[PDB]
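Residue numbers (our numbering): 4 to 118.
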């Protein structure tokens with residue numbers, strides 16, 4: 004509350020560390036469904052169904068241009084990529100499986116880097 008603060012957690016490396024995680028996600032072999040925005044003209048249903056599209060290139064551009072106020076807003080966009088993927092793709096599909104693998108990979112890096 005006013006003039007009463009918890010001790011200051013060092014957040015000065017967050018930007019660099021999120022960038023590194025994102026690099027590692029970008030270069031994973033199952034990243035291909037997530038590298039670029041879904042083409043809303045060529046994928047029937049996507050526009051109407053997926054209210055907030057998100058992809059690694061869009062995250063990268065937001066990260067690079069100071070559009071994440073903190074590391075939690077960065078994690079929310081990454082998770083949004085996987086949550087969108089689960090909404091639109093059957094679990095038993097190459098893309099569905101890619102999404103599950105990537106979410107697992109992300110959450111481990113996230114925990115190991117920050118928790």
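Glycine included, C-beta positions come from ideal geometry on N, C-alpha and C.
Sequence-distant partners of residue 63 (beyond 5 residues in either direction) whose C-beta falls short of 7 angstroms from its own C-beta, in its chain, are 25.
Check the Cα spacing between residue 78 and each of 96, 58, 48, 91: the tightest is with 58. Beta-carbon to beta-carbon, residue 53 and residue 76 are separated by about 19 angstroms, too far to satisfy the 8 angstroms threshold. Of all C-beta pairs linking the segment 11-27 to the segment 91-103, fewer than three are shorter than 8 angstroms, placing the two stretches out of contact. The alpha-carbon of residue 112 is positioned some 10 angstroms away from that of residue 20. Just measuring C-alpha positions, the residue of 48, 115, 86 sitting nearest residue 101 is 86. Distance between residue 5 and residue 14, taken at the CA atoms: about 21 angstroms.
In this structure, residue 36 sits near residue 98, with a CB-CB distance shorter than 8 angstroms. Under the three-state reduction of DSSP, residue 43 is assigned to coil, being neither helix nor strand.
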